[PDB]
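One chain is shown next in C-alpha coordinates, namely the form deposited in one PDB entry.
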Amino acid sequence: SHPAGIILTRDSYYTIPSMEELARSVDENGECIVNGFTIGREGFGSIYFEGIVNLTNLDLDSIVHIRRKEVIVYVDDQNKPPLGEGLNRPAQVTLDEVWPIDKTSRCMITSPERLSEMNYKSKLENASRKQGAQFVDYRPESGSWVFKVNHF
(Lines give C-alpha, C1' and ligand atoms only; values in the text may rest on other atoms or scores of the structure.)
Protein backbone atom coordinates (compact mmCIF):
# COMPACT_ATOMS: atom_id res chain seq x y z
CA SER A 1 0.00 0.00 0.00
CA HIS A 2 2.25 2.69 -1.46
CA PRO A 3 -0.47 5.42 -1.15
CA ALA A 4 -0.68 5.20 2.66
CA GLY A 5 3.12 5.30 2.83
CA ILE A 6 3.01 1.86 4.50
CA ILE A 7 6.16 -0.11 3.64
CA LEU A 8 5.58 -3.90 3.67
CA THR A 9 7.30 -5.89 0.94
CA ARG A 10 8.62 -9.06 2.56
CA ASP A 11 7.31 -12.33 1.26
CA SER A 12 5.03 -14.22 3.68
CA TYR A 13 3.98 -11.04 5.49
CA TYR A 14 0.40 -9.74 5.41
CA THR A 15 -1.80 -7.22 7.18
CA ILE A 16 -5.38 -7.20 8.34
CA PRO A 17 -6.96 -5.18 6.78
CA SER A 18 -5.08 -6.35 3.67
CA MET A 19 -2.39 -4.11 2.19
CA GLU A 20 -4.60 -3.77 -0.89
CA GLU A 21 -7.52 -2.56 1.20
CA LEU A 22 -5.34 -0.15 3.17
CA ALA A 23 -4.39 1.30 -0.22
CA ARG A 24 -8.09 2.21 -0.60
CA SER A 25 -8.39 3.58 2.96
CA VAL A 26 -6.60 6.94 2.81
CA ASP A 27 -8.81 9.72 4.17
CA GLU A 28 -9.17 13.35 3.07
CA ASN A 29 -6.10 14.21 5.20
CA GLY A 30 -3.66 11.76 3.60
CA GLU A 31 -3.95 9.36 6.54
CA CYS A 32 -4.72 5.65 6.88
CA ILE A 33 -6.32 5.04 10.29
CA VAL A 34 -7.88 1.68 11.12
CA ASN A 35 -9.78 0.30 14.10
CA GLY A 36 -7.93 -2.90 14.99
CA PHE A 37 -4.81 -3.91 13.08
CA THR A 38 -2.99 -7.20 12.54
CA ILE A 39 0.37 -7.83 10.93
CA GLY A 40 1.13 -11.51 10.43
CA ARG A 41 3.67 -13.81 8.82
CA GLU A 42 2.26 -17.06 7.51
CA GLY A 43 3.77 -20.12 9.12
CA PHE A 44 5.25 -17.99 11.94
CA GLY A 45 2.66 -15.87 13.78
CA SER A 46 0.79 -12.56 13.96
CA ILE A 47 0.45 -9.48 16.16
CA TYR A 48 -2.97 -7.92 16.75
CA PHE A 49 -3.15 -4.29 17.95
CA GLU A 50 -6.60 -3.45 19.25
CA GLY A 51 -8.19 -0.04 18.86
CA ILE A 52 -7.59 2.97 16.68
CA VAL A 53 -4.19 2.78 14.93
CA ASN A 54 -2.78 5.42 12.57
CA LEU A 55 -0.87 3.36 9.99
CA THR A 56 0.31 6.29 7.82
CA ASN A 57 3.94 5.95 6.65
CA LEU A 58 4.57 2.96 8.96
CA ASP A 59 7.79 1.23 7.84
CA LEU A 60 6.68 -2.27 8.79
CA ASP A 61 9.64 -3.88 7.00
CA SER A 62 11.94 -2.16 9.52
CA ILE A 63 9.65 -2.26 12.55
CA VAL A 64 8.06 -5.74 12.74
CA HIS A 65 9.95 -9.04 12.66
CA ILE A 66 7.96 -12.22 13.31
CA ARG A 67 10.38 -15.13 13.55
CA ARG A 68 10.28 -18.69 14.85
CA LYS A 69 9.15 -18.54 18.48
CA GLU A 70 9.70 -14.76 18.91
CA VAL A 71 8.65 -11.34 17.67
CA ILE A 72 10.81 -8.22 17.49
CA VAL A 73 9.10 -4.82 17.25
CA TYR A 74 11.28 -1.69 17.00
CA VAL A 75 14.86 -2.99 16.91
CA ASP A 76 16.39 0.37 17.91
CA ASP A 77 15.15 2.27 20.95
CA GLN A 78 16.41 5.51 19.38
CA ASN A 79 13.73 4.96 16.71
CA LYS A 80 11.00 3.82 19.05
CA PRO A 81 8.08 6.26 19.38
CA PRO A 82 6.64 7.15 22.80
CA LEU A 83 4.15 4.87 24.54
CA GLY A 84 0.87 4.76 22.63
CA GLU A 85 2.33 5.93 19.31
CA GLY A 86 2.91 3.75 16.26
CA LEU A 87 3.01 0.09 17.25
CA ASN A 88 4.39 0.85 20.74
CA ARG A 89 1.04 0.06 22.32
CA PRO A 90 -0.97 -2.91 23.67
CA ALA A 91 -0.73 -6.01 21.49
CA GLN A 92 -1.66 -9.71 21.45
CA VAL A 93 0.99 -12.01 19.97
CA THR A 94 0.28 -15.44 18.45
CA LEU A 95 3.36 -17.55 17.68
CA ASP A 96 3.12 -20.83 15.70
CA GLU A 97 4.95 -24.14 16.18
CA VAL A 98 6.21 -23.22 19.63
CA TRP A 99 7.73 -26.57 20.60
CA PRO A 100 10.84 -27.55 22.54
CA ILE A 101 13.95 -28.98 20.92
CA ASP A 102 15.23 -32.42 21.88
CA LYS A 103 18.39 -31.90 23.91
CA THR A 104 20.44 -34.58 22.18
CA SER A 105 18.85 -34.89 18.70
CA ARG A 106 17.87 -31.21 18.16
CA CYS A 107 14.55 -32.49 16.76
CA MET A 108 11.25 -30.76 17.50
CA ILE A 109 9.16 -32.35 20.26
CA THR A 110 5.49 -32.29 19.26
CA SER A 111 3.93 -35.26 21.07
CA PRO A 112 1.38 -33.93 23.59
CA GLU A 113 2.52 -36.60 26.06
CA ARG A 114 6.13 -35.45 26.03
CA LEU A 115 4.98 -31.81 26.11
CA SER A 116 2.92 -32.50 29.22
CA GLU A 117 5.78 -34.42 30.87
CA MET A 118 8.16 -31.47 30.49
CA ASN A 119 5.27 -29.18 31.50
CA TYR A 120 6.13 -27.08 28.48
CA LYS A 121 3.01 -24.95 28.98
CA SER A 122 4.30 -23.93 32.40
CA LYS A 123 7.63 -23.08 30.77
CA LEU A 124 5.79 -20.69 28.47
CA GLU A 125 3.81 -19.21 31.37
CA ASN A 126 7.07 -18.49 33.21
CA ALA A 127 8.72 -17.14 30.06
CA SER A 128 5.73 -14.86 29.48
CA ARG A 129 5.91 -13.59 33.07
CA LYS A 130 9.66 -13.02 33.07
CA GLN A 131 9.28 -10.85 29.96
CA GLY A 132 6.34 -8.86 31.35
CA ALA A 133 3.86 -10.49 29.00
CA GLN A 134 0.47 -11.88 29.96
CA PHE A 135 0.19 -15.55 29.04
CA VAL A 136 -3.10 -16.27 27.27
CA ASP A 137 -3.02 -19.74 25.74
CA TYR A 138 -0.94 -22.64 24.50
CA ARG A 139 -2.30 -25.21 22.05
CA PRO A 140 0.05 -28.23 22.02
CA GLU A 141 -1.33 -29.91 18.88
CA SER A 142 -0.39 -26.82 16.83
CA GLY A 143 2.23 -25.26 19.10
CA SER A 144 0.32 -21.98 19.15
CA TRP A 145 1.33 -19.71 22.01
CA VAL A 146 -0.78 -16.59 22.64
CA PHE A 147 0.23 -13.77 25.00
CA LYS A 148 -0.42 -10.04 25.44
CA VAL A 149 1.85 -7.05 26.08
CA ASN A 150 1.23 -3.49 27.16
CA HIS A 151 3.73 -2.14 24.60
CA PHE A 152 7.06 -2.95 22.97
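Shifts are known only where both forms have a C-alpha. Just count from 1 along the sequence shown to find any residue number. We call the rigid core whatever largest set of C-alpha positions still superposes within 1.5 Å between the two forms.
Judged by mean Cα B factor in the deposited record, 109-117 ranks above the other of 95-103 and 109-117.
Stretches 53-61 and 22-30 differ in mean C-alpha B factor, with the higher average recorded for 22-30. Annotation for residue 9: C-alpha temperature factor in the highest third relative to the rest of the modelled chain, per the entry. Sorting the modelled residues of the chain by their CA temperature factor places residue 45 in the lowest third.
Another form, the form deposited in another entry, is not on view; read the next lines as being about it.
Annotation: the position in 92, 116, 54, 110 displaced by at least 2 Å at CA between this form and the one not shown, with the core superposed, corresponds to 116. In sequence order, 104-106, 112-114, 116-119 are the runs of at least 3 residues present in both forms whose Cα atoms shift by 2 Å or more between this form and the one not shown once the core is superposed.
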